[PDB]
Amino acid sequence: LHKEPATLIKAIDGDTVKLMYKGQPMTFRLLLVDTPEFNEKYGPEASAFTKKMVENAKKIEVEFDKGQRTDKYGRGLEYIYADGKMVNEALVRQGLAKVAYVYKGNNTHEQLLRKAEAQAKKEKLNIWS
Ligand SMILES: Cc1cn([C@H]2C[C@H](OP(=O)(O)O)[C@@H](COP(=O)(O)O)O2)c(=O)[nH]c1=O
Ligand SMILES: [Ca+2]
């Protein structure tokens, strides 16, 4: 897997970000995770967390997996890094996302994310409290 440059256009919610990628605006949906919708409990904290993370970052990168790069809505499917920290993992580690939407072929970082979910659950953080 490889990291590619992109630039923040707009934070959207906990697990969707608008980024400019190869000079085109695209909506990017985070692989392997599900944040609450803004209207649900922890949804605002998940949107807030992703927002800070991507807005504070000096360098945003996207990393596609081995499988589909777009979903059926035309959204990118990817891992996002904020100054080398994976957003997908960080949300799960804080108990602001669950591991979800694990489809074979786009699941390189599954174990890593499950490990973080385990430690979040252990600490009873946020969604696990
Ligand atoms: C994360 C992810 C979501 N999706 C689709 C499945 C879901 O379809 P349905 O909309 O038909 O339920 C939807 C969930 O996205 P959100 O959690 O953003 O709503 O996005 C994929 O197809 N592949 C993926 O890797
Ligand atoms: Ca969601």
Side-chain angles (χ1 to χ4, degrees):
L1 296 204
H2 307 286
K3 285 163 208 202
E4 294 183 59
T7 67
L8 180 59
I9 289 170
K10 187 83 183 312
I12 299 161
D13 68 359
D15 62 18
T16 67
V17 186
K18 201 179 193 160
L19 298 175
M20 199 184 278
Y21 170 68
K22 289 178 176 144
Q24 310 297 330
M26 206 173 324
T27 294
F28 279 95
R29 175 63 163 82
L30 296 183
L31 282 169
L32 299 181
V33 302
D34 192 34
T35 54
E37 295 291 313
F38 178 87
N39 80 290
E40 300 160 344
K41 162 72 104 52
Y42 300 111
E45 291 72 18
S47 303
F49 181 97
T50 294
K51 185 174 148 81
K52 169 153 199 215
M53 206 169 162
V54 297
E55 281 185 346
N56 281 4
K58 161 195 221 338
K59 161 150 105 165
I60 296 290
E61 286 159 306
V62 301
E63 177 183 75
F64 297 104
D65 209 316
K66 293 301 213 137
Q68 255 126 261
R69 291 187 180 197
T70 68
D71 71 13
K72 63 191 189 177
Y73 302 104
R75 296 177 307 180
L77 300 174
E78 83 307 321
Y79 307 101
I80 297 180
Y81 298 77
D83 297 325
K85 228 230 181 295
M86 202 202 303
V87 178
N88 315 58
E89 177 190 16
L91 281 158
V92 173
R93 179 64 183 79
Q94 295 308 303
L96 296 170
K98 302 189 197 200
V99 178
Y101 298 104
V102 190
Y103 299 99
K104 191 197 136 207
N106 266 351
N107 70 336
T108 305
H109 295 311
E110 176 176 17
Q111 281 200 104
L112 176 84
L113 275 42
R114 295 200 177 276
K115 185 58 168 325
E117 191 179 84
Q119 196 58 32
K121 193 169 326 206
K122 215 304 287 190
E123 297 171 9
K124 326 274 194 177
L125 290 192
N126 289 311
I127 286 171
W128 313 109
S129 63

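What you see below is based on every heavy atom in this structure, not just the backbone, and it leaves out hydrogens, waters and symmetry mates. Counting convention: from 1, in listed order, for ligands and their atoms alike. Residues: numbered from 1 along the sequence shown.
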If you define the side chain from C-beta out and look only at heavy atoms, does anything of [X] sit under 4.5 Å from [Y]?
{"X": "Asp15", "Y": "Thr50", "value": "no"}
{"X": "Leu8", "Y": "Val17", "value": "yes"}
{"X": "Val54", "Y": "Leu19", "value": "no"}
{"X": "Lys66", "Y": "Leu1", "value": "yes"}

Requested in this report: Return the set of residues passing side chain to side chain contact (heavy atoms under 4.5 Å, CB included) with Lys10 (not counting sequence neighbours), or none when no residue passes.
Outcome: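 Applying side chain to side chain contact (heavy atoms under 4.5 Å, CB included) to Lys10 gives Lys18.
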
Query raised in the report: Identify the closest protein heavy atom to atom 7 (C) of ligand 1: which residue and atom is it, and at what distance?
Result: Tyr101 CE2, 3.8 Å

Query - atom 20 (O) of ligand 1 protein-contacted, heavy-atom criterion under 4.0 angstrom - result: yes

Mind checking whether [X] has an N or O less than 3.5 Å away from an N or O of ligand 1?
{"X": "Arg29", "result": "yes"}
{"X": "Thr16", "result": "no"}
{"X": "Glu37", "result": "no"}

Report task. May I ask you to identify, for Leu31, whether its side chain, its backbone, both or neither come under 4.0 Å of ligand 1 on a heavy-atom basis? Result ->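 Contact part for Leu31 vs ligand 1: side chain (C-beta onward).
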
**Report entry** Under-4.0 Å heavy-atom contact with ligand 1, by part of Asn106 that carries it
**Finding:**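 Within the 4.0 Å criterion, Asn106 makes no contact with ligand 1.
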
Report task. Have a look around the Ca ion (ligand 2) and list protein N/O/S atoms under 3.0 Å, or say none. Result ->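 Near the Ca ion (ligand 2), below 3.0 Å, one finds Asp15 OD2, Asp34 OD1, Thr35 O.
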
**Report entry** Polar side-chain atom of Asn88 near backbone of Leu31 as donor-acceptor pair, under 3.5 Å
**Finding:** yes

**Report entry** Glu117 (side chain) donor-acceptor with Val99 (main chain) under 3.5 angstrom
**Finding:** yes

Query raised in the report: Do the ring planes of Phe64 and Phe28 sit parallel (below 30°), tilted (30 to 60°) or perpendicular (above 60°)?
Result: tilted

Requested in this report: With atom 24 (C) of ligand 1 as the reference point, say which of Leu77, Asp71, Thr35, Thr70 has the nearest heavy atom.
Outcome: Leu77

Requested in this report: Could you establish whether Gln68 and ligand 1 come within less than 4.0 Å of each other, counting only heavy atoms on the residue side?
Outcome: no

Pairs under 3.5 angstrom only: tabulate donor-acceptor contacts from the side chains of residues 74-82 to other protein residues two or more places apart or in another chain.
unit_1	atom_1	unit_2	atom_2	d
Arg75	NE	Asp71	OD2	2.7
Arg75	NH2	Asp71	OD2	2.9
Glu78	OE1	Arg29	N	3.4
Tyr79	OH	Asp65	OD2	2.7
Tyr79	OH	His109	N	3.3
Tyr81	OH	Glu63	OE1	2.6
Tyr81	OH	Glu63	OE2	3.4
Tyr81	OH	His109	NE2	3.4

Requested in this report: Return the set of residues passing ring pair (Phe, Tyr, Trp, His ring centres under 6.0 Å) with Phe49 (not counting sequence neighbours), or none when no residue passes.
Outcome: none

